[PDB]
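One structure is given here, and the rest of the page talks about it.
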Amino acid sequence: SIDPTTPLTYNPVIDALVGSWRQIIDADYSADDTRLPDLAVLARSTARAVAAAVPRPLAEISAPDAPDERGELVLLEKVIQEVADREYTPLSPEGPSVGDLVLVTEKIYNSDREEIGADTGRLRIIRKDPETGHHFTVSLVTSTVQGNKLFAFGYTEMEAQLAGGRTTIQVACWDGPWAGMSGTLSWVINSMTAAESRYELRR
Amino acid sequence: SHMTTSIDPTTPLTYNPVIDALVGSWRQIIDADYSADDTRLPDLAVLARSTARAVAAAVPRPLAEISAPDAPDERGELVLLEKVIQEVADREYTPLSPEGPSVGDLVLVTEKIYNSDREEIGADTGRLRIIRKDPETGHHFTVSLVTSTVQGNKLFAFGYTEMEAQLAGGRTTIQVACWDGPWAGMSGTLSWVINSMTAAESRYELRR
Ligand SMILES: CO[C@@H](C)[C@H]1C[C@H](C)[C@H]([C@@H](C)/C=C/[C@@H](O)CC[C@@H](C)/C=C(\CO)[C@H]2O/C(=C3\C(=O)COC3=O)[C@@H](C)[C@@H]3[C@@H]2CCC[C@H]3C)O1
């Protein structure tokens with residue numbers, strides 16, 4: 001049975017930032033909605049904030065009006081993520097609908113097939129676009145990857161993923177070697193239970 | 001004013017739970033226990049900028065106006081309010097040390113906001129904390145949480161600034177987001193240069 005509770009970091013800034021995105025996952029969505037937050041910008045900014053909230057040596061922090069400056073890239077690719085458990089009870093027999101919730105857990109392996117971690121995802125269908133019929137979702141992922149503890153915040157189109165497209169969400173690391181870095185977690189699916197993912201993070 | 005005898009330190013709630021949580025994350029920055037011995041800190045400048053952008057993005061807007069999932073960052077036309085004068089009304093401050101300002105000090109301040117014709121166009125309240133003393137220069141840095149209403153726009157602002165530079169007349173800048181009013185869903189900067197210990201000239205620059 002999948003545990004739906006978001007783990008606390010006990011960093012009160014991070015726990016509030018993550019809690020703000022949990023409020024996005026659990027908002028009331030309707031097929032009649034005419035307004036939404038700017039979810040893509042919100043996901044990107046929240047991931048940047050979570051990474052910035054990690055304490056670091058004084059000499060590493062930016063001066064008050066310093067320009068944006070990112071560190072060197074850390075890259076992990078050809079990662080295999082395999083569904084371990086999934087929980088989905090549709091609101092309607094006719095197919096996915098606005099308001100549906102999916103819970104998922106996965107095991108994570110590097111390209112040499114060594115087990116490197118695990119994640120848990122909570123996904124909400126928030127809108128069905130009337131002209132394309134495509135569904136959009138928001139997601140909150142918690143994971144450990146090679147000893148790096150991550151949160152990821154997603155606003156994505158469902159059909160583009162099912163069709164072999166690359167799907168991208170915003171990731172931040174709050175503990176481990178990548179602590180205080182943020183970037184993207186993107187993937188292409190191989191089946192309904194397996195995907196190939198890529199992590200790109202920078203300070 | 002007779003019935004107002006202290007500065008209300010509570011942040012006003014928007015009852016948008018996403019915004020209230022975002023502002024609460026920065027309130028945690030203001031209210032942490034800081035000591036001159038600290039050797040690690042968050043990346044406060046980046047945290048302030050990202051949190052302001054997040055607050056503005058949390059404001060709902062028509063579906064036609066939101067970003068597609070993979071779209072590049074794009075900003076709207078600039079909204080500018082300049083030549084504004086802000087004057088301290090009340091200030092609460094009890095120093096921790098008789099020597100002078102020290103790490104951990106807390107200041108509450110309220111201000112009135114005027115245009116160049118001296119019409120009162122707004123008001124703000126600030127919660128200011130001295131967060132560190134730089135071991136090399138000895139300069140003090142502060143974090144601020146400001147709540148404001150300006151020309152009918154409701155604002156939060158998050159700041160990480162240098163104390164000595166402000167006192168010497170340097171331009172000081174904090175990160176602002178509007179959550180209600182004509183500027184709702186916009187973010188950018190609020191900058192000022194002090195004229196004295198009780199008045200400053202300020203400038204608001206915001207964009208979608
Ligand atoms: C800065 O260290 C603080 C923790 C404390 C410790 C020390 C006792 C220190 C003392 C020494 C210095 C005080 C003066 O120099 C303030 C001058 C006054 C005109 C400026 C502001 C009002 O008080 C500005 O005050 C604010 C901030 C700061 O002063 C720092 O960040 C801010 O947001 C805002 C309310 C600002 C306002 C000007 C108009 C725009 C609004 C947005 O003061």
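Indexing begins at 1, ligand by ligand and atom by atom, following the structure's order. Every chain is numbered from 1, with letters handed out A, B, ... down the list of sequences. When reading the values below, keep in mind they use all heavy atoms of this one structure, side chains included, and skip hydrogens, waters and symmetry mates.
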Side chain to side chain contact (heavy atoms under 4.5 Å, CB included) assessment of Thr120(A) paired with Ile2(A): CA-CA 8 Å; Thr120(A) 303; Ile2(A) 298 166; 4.1 Å; yes

Geometric class of the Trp183(B)/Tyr204(B) ring pair [parallel <30°, tilted 30-60°, perpendicular >60°]: tilted

Atom 43 (O) of ligand 1 touched by protein heavy atom at under 4.0 Å: no

Side-chain ion pair, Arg122(A) and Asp26(A), N-O less than 4.0 Å: yes

Charged N-O contact under 4.0 Å between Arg75(B) and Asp73(B): no

Atom 26 (C) of ligand 1: nearest protein contact (heavy atom, Å): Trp192(B) CZ2, 3.9 Å

Nearest-neighbour protein heavy atom for atom 17 (C) of ligand 1, which is reported as residue plus atom name and distance: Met197(B) O, 3.5 Å

For atom 13 (C) of ligand 1, the option (of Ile130(B), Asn195(B), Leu167(B), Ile85(B)) bearing the nearest heavy atom: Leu167(B)

For atom 9 (C) of ligand 1, the protein heavy atom that lies nearest, with its residue and separation: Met163(B) SD, 4.1 Å

Nearest-neighbour protein heavy atom for atom 41 (C) of ligand 1, which is reported as residue plus atom name and distance: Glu111(B) OE1, 3.4 Å

Protein contact of atom 8 (C) of ligand 1 - nearest heavy atom, named by residue and atom, plus distance: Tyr93(B) CE2, 3.6 Å

Where ligand 1 meets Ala199(B) - atom numbers and elements under 4.0 angstrom, heavy-atom basis: 19 (C)

Closest protein heavy atom to atom 5 (C) of ligand 1, given as residue, atom name and distance to 0.1 Å: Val107(B) CG2, 3.7 Å

Numbered atoms of ligand 1 (with element) below 4.0 Å of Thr161(B), judged on heavy atoms: 30 (C), 31 (O)

Nitrogen or oxygen of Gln166(B) less than 3.5 angstrom from that of ligand 1: yes

Part of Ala157(B) with heavy atoms under 4.0 Å of ligand 1, whether side chain, backbone, both or neither: neither

Per-residue contact class, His140(B) against ligand 1 - non-hydrogen pairs under 4.0 Å: neither

Ligand-residue contact atoms, ligand 1 with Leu190(B), heavy atoms, under 4.0 Å: 42 (C)

side-chain hydrogen bond (donor to acceptor under 3.5 Å, both in side chains) between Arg171(B) and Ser191(B), intermediate numbers included: CA-CA 7 Å; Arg171(B) 185 201 54 161; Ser191(B) 64; 5.2 Å; no

More than 12 heavy atoms from other groups under 6.0 Å of CD on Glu99(B): no

Interfacing atoms of ligand 1 (cut-off 4.0 Å, heavy-atom, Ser144(B)): 31 (O), 32 (C), 33 (O)

Parallel, tilted or perpendicular: ring planes of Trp26(B) versus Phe158(B), cut at 30 and 60 degrees: tilted

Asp90(B) side chain to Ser6(B) backbone, donor-acceptor under 3.5 Å: no

Identity and distance of the protein heavy atom lying nearest atom 40 (C) of ligand 1: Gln86(B) NE2, 3.6 Å

Passing candidate, side chain to side chain contact (heavy atoms under 4.5 Å, CB included) with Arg127(A), options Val138(A), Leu36(A), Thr137(A): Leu36(A)

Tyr114(B) six-ring face occupied by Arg118(B) cation (under 6.0 Å, within 45°): yes

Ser196(B) near ligand 1 by a heavy-atom separation under 4.0 Å: yes

Residue, atom name and distance, where the atom is the protein heavy atom closest to atom 1 (C) of ligand 1: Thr142(B) CG2, 3.8 Å

Step-by-step side chain to side chain contact (heavy atoms under 4.5 Å, CB included) determination, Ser1(A) to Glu87(A): CA-CA 8 Å; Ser1(A) 202; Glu87(A) 293 185 11; 3.7 Å; yes

